[PDB]
Amino acid sequence: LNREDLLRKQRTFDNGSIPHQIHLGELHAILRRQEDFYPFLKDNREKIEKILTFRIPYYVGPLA
DNA sequence: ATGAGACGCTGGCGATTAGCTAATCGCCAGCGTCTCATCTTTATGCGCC
């Protein structure tokens, strides 16, 4: 209780510190471990990586 | 050369039967962050028609 880790759930409030890099790492690992079977995700793994990596610049604004 | 005209317990109960806002108060209110830039504006400090 004093160490604040008593029965903590998984989807909690402290996840705001989690960067996107580790999710991208786990994504690349899953893709590389599954690209040896299916051809389409082996072909479009960099597309999915682009989906996760894509961030609209602040100077662009609305994509109207 | 005769055969119509003249019409009731209700009111005062109960007792069904049916139906409706209003006055008082309490509760309780989606919120969390960051980045990035962007401009202002203020406090003080310096100049004479």
# chains A, B, ... in the order shown; residues from 1 in each chain; ligands from 1
$ interface_residues --of "chain A" --to "chain B" --cutoff "10 Å" --atoms "only C-alpha atoms (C1' of nucleotides)" --output "list in words"
residues 13, 16, 17, 57, 58 and 59 of chain A
$ select_by_dssp --residues "chain A" --states "helix (DSSP H, G or I)" --output "ChimeraX atom specification"
/A:13-17,20-34,40-43,45-53
$ write_last_selection --atoms "N, CA and C atoms" --output "tab-separated table (two decimals), in the first residue's frame"
chain	number	residue	atom	x	y	z
A	13	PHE	N	-4.15	4.58	-14.19
A	13	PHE	CA	-4.00	6.00	-14.50
A	13	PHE	C	-2.56	6.37	-14.86
A	14	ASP	N	-1.59	5.58	-14.42
A	14	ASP	CA	-0.16	5.84	-14.58
A	14	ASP	C	0.38	5.55	-15.98
A	15	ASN	N	-0.45	5.15	-16.92
A	15	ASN	CA	0.03	4.83	-18.26
A	15	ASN	C	0.31	6.05	-19.14
A	16	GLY	N	0.15	7.27	-18.64
A	16	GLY	CA	0.45	8.45	-19.46
A	16	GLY	C	1.92	8.65	-19.78
A	17	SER	N	2.81	7.95	-19.09
A	17	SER	CA	4.25	8.03	-19.28
A	17	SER	C	4.76	7.07	-20.34
A	20	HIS	N	5.49	5.61	-27.27
A	20	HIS	CA	5.03	4.78	-28.38
A	20	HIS	C	6.11	3.84	-28.91
A	21	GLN	N	7.37	4.03	-28.50
A	21	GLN	CA	8.50	3.26	-29.02
A	21	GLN	C	8.42	1.79	-28.64
A	22	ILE	N	7.96	1.48	-27.43
A	22	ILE	CA	7.90	0.08	-27.01
A	22	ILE	C	6.77	-0.65	-27.72
A	23	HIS	N	5.65	0.03	-27.94
A	23	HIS	CA	4.59	-0.57	-28.75
A	23	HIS	C	5.06	-0.80	-30.18
A	24	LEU	N	5.81	0.16	-30.74
A	24	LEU	CA	6.37	-0.03	-32.08
A	24	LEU	C	7.34	-1.21	-32.10
A	25	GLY	N	8.07	-1.40	-31.00
A	25	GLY	CA	9.02	-2.51	-30.91
A	25	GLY	C	8.30	-3.85	-30.89
A	26	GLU	N	7.25	-3.94	-30.08
A	26	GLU	CA	6.46	-5.16	-29.98
A	26	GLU	C	5.73	-5.44	-31.29
A	27	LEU	N	5.31	-4.38	-31.98
A	27	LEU	CA	4.69	-4.52	-33.30
A	27	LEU	C	5.67	-5.10	-34.31
A	28	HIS	N	6.89	-4.55	-34.35
A	28	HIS	CA	7.92	-5.03	-35.28
A	28	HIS	C	8.29	-6.48	-34.97
A	29	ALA	N	8.31	-6.83	-33.68
A	29	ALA	CA	8.61	-8.21	-33.28
A	29	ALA	C	7.52	-9.17	-33.75
A	30	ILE	N	6.25	-8.83	-33.51
A	30	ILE	CA	5.12	-9.67	-33.94
A	30	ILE	C	5.13	-9.83	-35.46
A	31	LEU	N	5.33	-8.72	-36.18
A	31	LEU	CA	5.36	-8.75	-37.64
A	31	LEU	C	6.50	-9.62	-38.14
A	32	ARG	N	7.70	-9.45	-37.59
A	32	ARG	CA	8.86	-10.23	-38.01
A	32	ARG	C	8.70	-11.70	-37.65
A	33	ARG	N	7.92	-12.00	-36.62
A	33	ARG	CA	7.69	-13.37	-36.22
A	33	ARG	C	6.53	-14.00	-36.96
A	34	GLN	N	5.76	-13.20	-37.71
A	34	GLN	CA	4.62	-13.71	-38.44
A	34	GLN	C	4.72	-13.45	-39.93
A	40	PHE	N	1.04	-11.11	-47.12
A	40	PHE	CA	0.49	-9.76	-47.18
A	40	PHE	C	1.01	-8.90	-46.03
A	41	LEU	N	1.12	-9.47	-44.83
A	41	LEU	CA	1.66	-8.67	-43.74
A	41	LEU	C	3.18	-8.62	-43.81
A	42	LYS	N	3.79	-9.53	-44.57
A	42	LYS	CA	5.21	-9.43	-44.83
A	42	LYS	C	5.47	-8.35	-45.86
A	43	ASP	N	4.50	-8.14	-46.75
A	43	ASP	CA	4.59	-7.09	-47.76
A	43	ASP	C	4.29	-5.73	-47.15
A	45	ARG	N	4.33	-4.71	-43.83
A	45	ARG	CA	4.70	-4.51	-42.43
A	45	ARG	C	5.15	-3.07	-42.22
A	46	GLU	N	5.86	-2.51	-43.20
A	46	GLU	CA	6.30	-1.12	-43.13
A	46	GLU	C	5.13	-0.17	-43.27
A	47	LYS	N	4.03	-0.61	-43.89
A	47	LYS	CA	2.82	0.20	-43.95
A	47	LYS	C	2.23	0.35	-42.56
A	48	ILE	N	2.15	-0.77	-41.83
A	48	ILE	CA	1.62	-0.76	-40.47
A	48	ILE	C	2.54	0.04	-39.55
A	49	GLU	N	3.86	-0.16	-39.70
A	49	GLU	CA	4.83	0.65	-38.97
A	49	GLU	C	4.66	2.13	-39.28
A	50	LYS	N	4.32	2.47	-40.53
A	50	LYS	CA	4.05	3.86	-40.88
A	50	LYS	C	2.78	4.35	-40.21
A	51	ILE	N	1.78	3.46	-40.08
A	51	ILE	CA	0.53	3.82	-39.41
A	51	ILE	C	0.79	4.17	-37.95
A	52	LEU	N	1.60	3.34	-37.28
A	52	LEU	CA	1.91	3.60	-35.87
A	52	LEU	C	2.82	4.81	-35.72
A	53	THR	N	3.73	5.01	-36.66
A	53	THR	CA	4.73	6.05	-36.54
A	53	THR	C	4.20	7.42	-36.96
$ atom_distance --atom1 "atom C1' of residue B:38" --atom2 "atom CA of residue A:63"
19.0 Å
$ decode --residues "chain A" --atoms "C-alpha atoms" --output "mmCIF file, in the first residue's frame"
data_model
loop_
_atom_site.group_PDB
_atom_site.id
_atom_site.type_symbol
_atom_site.label_atom_id
_atom_site.label_comp_id
_atom_site.auth_asym_id
_atom_site.auth_seq_id
_atom_site.Cartn_x
_atom_site.Cartn_y
_atom_site.Cartn_z
ATOM 1 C CA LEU A 1 0.000 0.000 0.000
ATOM 2 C CA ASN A 2 2.861 2.358 0.822
ATOM 3 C CA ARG A 3 4.705 1.200 -2.293
ATOM 4 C CA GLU A 4 1.450 1.813 -4.233
ATOM 5 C CA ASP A 5 1.470 -1.582 -5.965
ATOM 6 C CA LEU A 6 -1.327 -3.397 -4.126
ATOM 7 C CA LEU A 7 -3.694 -5.257 -6.524
ATOM 8 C CA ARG A 8 -2.972 -2.787 -9.315
ATOM 9 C CA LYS A 9 -4.895 -3.346 -12.531
ATOM 10 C CA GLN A 10 -3.495 -3.198 -16.038
ATOM 11 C CA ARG A 11 -5.402 -0.269 -17.539
ATOM 12 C CA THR A 12 -4.665 2.272 -14.781
ATOM 13 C CA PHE A 13 -3.997 5.995 -14.497
ATOM 14 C CA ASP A 14 -0.161 5.839 -14.582
ATOM 15 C CA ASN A 15 0.035 4.833 -18.256
ATOM 16 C CA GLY A 16 0.451 8.447 -19.457
ATOM 17 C CA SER A 17 4.245 8.030 -19.276
ATOM 18 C CA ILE A 18 4.305 5.104 -21.746
ATOM 19 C CA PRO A 19 6.039 6.125 -24.989
ATOM 20 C CA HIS A 20 5.030 4.776 -28.378
ATOM 21 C CA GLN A 21 8.495 3.260 -29.016
ATOM 22 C CA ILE A 22 7.904 0.081 -27.008
ATOM 23 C CA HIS A 23 4.585 -0.566 -28.751
ATOM 24 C CA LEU A 24 6.369 -0.031 -32.077
ATOM 25 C CA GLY A 25 9.017 -2.508 -30.910
ATOM 26 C CA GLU A 26 6.460 -5.162 -29.982
ATOM 27 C CA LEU A 27 4.690 -4.525 -33.297
ATOM 28 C CA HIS A 28 7.916 -5.031 -35.277
ATOM 29 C CA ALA A 29 8.605 -8.206 -33.281
ATOM 30 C CA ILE A 30 5.125 -9.668 -33.941
ATOM 31 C CA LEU A 31 5.357 -8.749 -37.642
ATOM 32 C CA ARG A 32 8.863 -10.226 -38.012
ATOM 33 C CA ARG A 33 7.693 -13.371 -36.215
ATOM 34 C CA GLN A 34 4.617 -13.709 -38.439
ATOM 35 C CA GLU A 35 5.977 -12.519 -41.804
ATOM 36 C CA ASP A 36 7.336 -15.982 -42.534
ATOM 37 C CA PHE A 37 3.821 -17.365 -42.996
ATOM 38 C CA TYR A 38 1.527 -14.738 -44.470
ATOM 39 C CA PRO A 39 2.785 -12.780 -47.466
ATOM 40 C CA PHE A 40 0.491 -9.758 -47.179
ATOM 41 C CA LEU A 41 1.662 -8.670 -43.738
ATOM 42 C CA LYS A 42 5.214 -9.431 -44.833
ATOM 43 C CA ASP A 43 4.586 -7.093 -47.759
ATOM 44 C CA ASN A 44 2.834 -4.370 -45.747
ATOM 45 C CA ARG A 45 4.702 -4.507 -42.434
ATOM 46 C CA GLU A 46 6.297 -1.124 -43.130
ATOM 47 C CA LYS A 47 2.823 0.201 -43.953
ATOM 48 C CA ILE A 48 1.619 -0.760 -40.468
ATOM 49 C CA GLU A 49 4.834 0.651 -38.973
ATOM 50 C CA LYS A 50 4.049 3.858 -40.882
ATOM 51 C CA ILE A 51 0.527 3.819 -39.408
ATOM 52 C CA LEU A 52 1.906 3.600 -35.875
ATOM 53 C CA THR A 53 4.734 6.052 -36.541
ATOM 54 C CA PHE A 54 2.624 8.691 -38.347
ATOM 55 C CA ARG A 55 2.245 11.953 -36.463
ATOM 56 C CA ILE A 56 0.769 15.117 -37.980
ATOM 57 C CA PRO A 57 3.176 18.058 -37.564
ATOM 58 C CA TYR A 58 1.897 21.008 -35.548
ATOM 59 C CA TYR A 59 2.637 23.408 -38.411
ATOM 60 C CA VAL A 60 0.320 21.465 -40.717
ATOM 61 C CA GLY A 61 -2.833 21.812 -38.678
ATOM 62 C CA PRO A 62 -6.169 20.481 -39.849
ATOM 63 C CA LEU A 63 -5.911 18.306 -42.931
ATOM 64 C CA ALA A 64 -8.791 20.123 -44.568
#
